């Protein structure tokens, strides 16, 4: 089926300034979208801010300013950050948006008409910081920021409070068997596999009904009113998850502003998400509640949920109060935007909790970007080796020649599979496995020597090198968007050959193509010292 490839990030609470976790999640969303655009697909990538709720309302109250002013300011910080990070997200959604508000009321009414919302009570634990209902098995003893004994979440370590409230309840218990059929019938729907097994195990054990409203006082009236009952507000998470539906129904102008909300999602051909990128901390909301709501409402389910891990810096937790900051904009100015992105996507896989150190960052920048990629690009574009600044016409291929060609022809299929899991780390490793192979080839053939000794042989070696670099670069263009453009300019690849599955083929750029001009000082990635 041909639709718009729809990929999303979580919408982030605006209780505090943006940081690495938000940047990382949105990066993964951005990269997936970028890859599908280079395949020549229609793409709609979505990110944004989650602006209602007790968490955020109380964050605003502690800064002594109104929730409207606070959310608008912090949302502004998120937008600025994401612009500075040079992403290619199609739309930034805010849950305070009036059109989203309308979609939530629609979904609610659908759930009610379906017979799946009833008036009950929740009596149990709740984490305001996570906006999460917790069973007693998921809480333990801890200390509040007074240092007094309290209860905390086993999930997150945040303070938990006991809630006892007449609330509208969603019939999640009724959806156990249908969710289990869904997980088994679609064994690639949750990635990575151990998180899928986690979800199945949790749902096997049984599901309780879920509170989808709260008394209005508790939310400091900072929430969407329940249709037909203005004493209740819609659960922040039902509101929040609905952002994906809203996004699928907004017509956006070229400026990035929303202009119109269509009645039926089929009009825009986005819904359901092909990939929801999330962090492991919000798996239940996306893999259990969300599909339950969609099943109730009669809407189609997402194709994949991919859940990544958390970051540490110098093997310590990230927090400004502890004395260990990791600012992405700061590190990107220092080391480079594409390089920082490369590092975040290369150092850790979605199954892992990654670790940034300036040491390891410099190791990769120098080792892989500079010595593997950059070195190769400069050799095959050098006036020394490539005396005519053109793509030569290859002569006969030796067997060693063809072993390398095979690797280059095989690469796109392999990278494609990894990008589709999605497992960006393995995609990158795959591409650099091929770059390392081209380097060893170039060392072996010593093309600097061939300029004088065997110019016909040099033609062959230089051509293979140019083409392996082109193909590897194309496949890395979602990871290194700005640098890929430089590389292609240096190689003189025409614009048309910088996109499309046609150009995944070995040989798409014809011999005789002229390289772009050299600069006196230029290097792609500059090595950095190890202080």
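Residue numbers count along the first chain shown, from 1. The term rigid core refers to the maximal set of C-alpha atoms that superpose within 1.5 Å between the two forms.
- Message: For a rigid core alignment of each structure in 9 other deposited structures of this protein onto the shown form, which stretch has the higher root mean square Cα deviation: 349-357 or 449-457?
- Response: Checking 349-357 against 449-457 in 9 other deposited structures of this protein, I find the farther stretch is 349-357.
- Higher C-alpha RMS shift from the shown form in 9 other deposited structures of this protein - 324-332 or 171-179, rigid core fit: Comparing 324-332 with 171-179, the larger C-alpha deviation in 9 other deposited structures of this protein belongs to 324-332.
- No coordinates for residue 318 in a third or more of the other PDB entries: That residue is missing from at least a third of the other compared entries.
- Item | Mean C-alpha B-factor comparison - 210-218 and 451-459, higher one | Higher of the two, by average CA B-factor, is 451-459.
- Query: Looking at the deposited entry, does 406-414 or 323-331 carry the larger mean Cα B-factor?
  - Reply: Per the PDB record, 323-331.
- Of the options 205, 232, 280, 101, which has the highest CA B factor as deposited? Of 205, 232, 280, 101, 205 has the highest C-alpha B-factor.
- Highest Cα B-factor in the PDB entry belongs to which of 400, 131, 433, 353? That would be 353.
- Message: Split into thirds by Cα B-factor across the chain's modelled residues, where does residue 4 land: lowest, middle or highest?
- Response: Within its chain, residue 4 is a middle-third residue by C-alpha B-factor, going by the deposited values.
- Message: Lowest, middle or highest third: which one holds residue 67 when the chain's residues are ordered by CA B-factor from the entry?
- Response: Within its chain, residue 67 is a highest-third residue by C-alpha B-factor, going by the deposited values.
- Task: Comparing against every modelled residue in the chain, figure out the third that the C-alpha B-factor of residue 148 lands in (lowest, middle or highest).
- Result: As the PDB entry reports it, the C-alpha B-factor of residue 148 lands in the highest third of its chain.
- Message: Per the entry's values, where does residue 310 land by CA temperature factor relative to the rest of its chain, in the lowest, middle or highest third?
- Response: CA B-factor rank for residue 310: highest third.
- Message: For the chain shown, is the CA B-factor of residue 491 in the lowest, middle or highest third of its modelled residues?
- Response: CA B-factor rank for residue 491: middle third.
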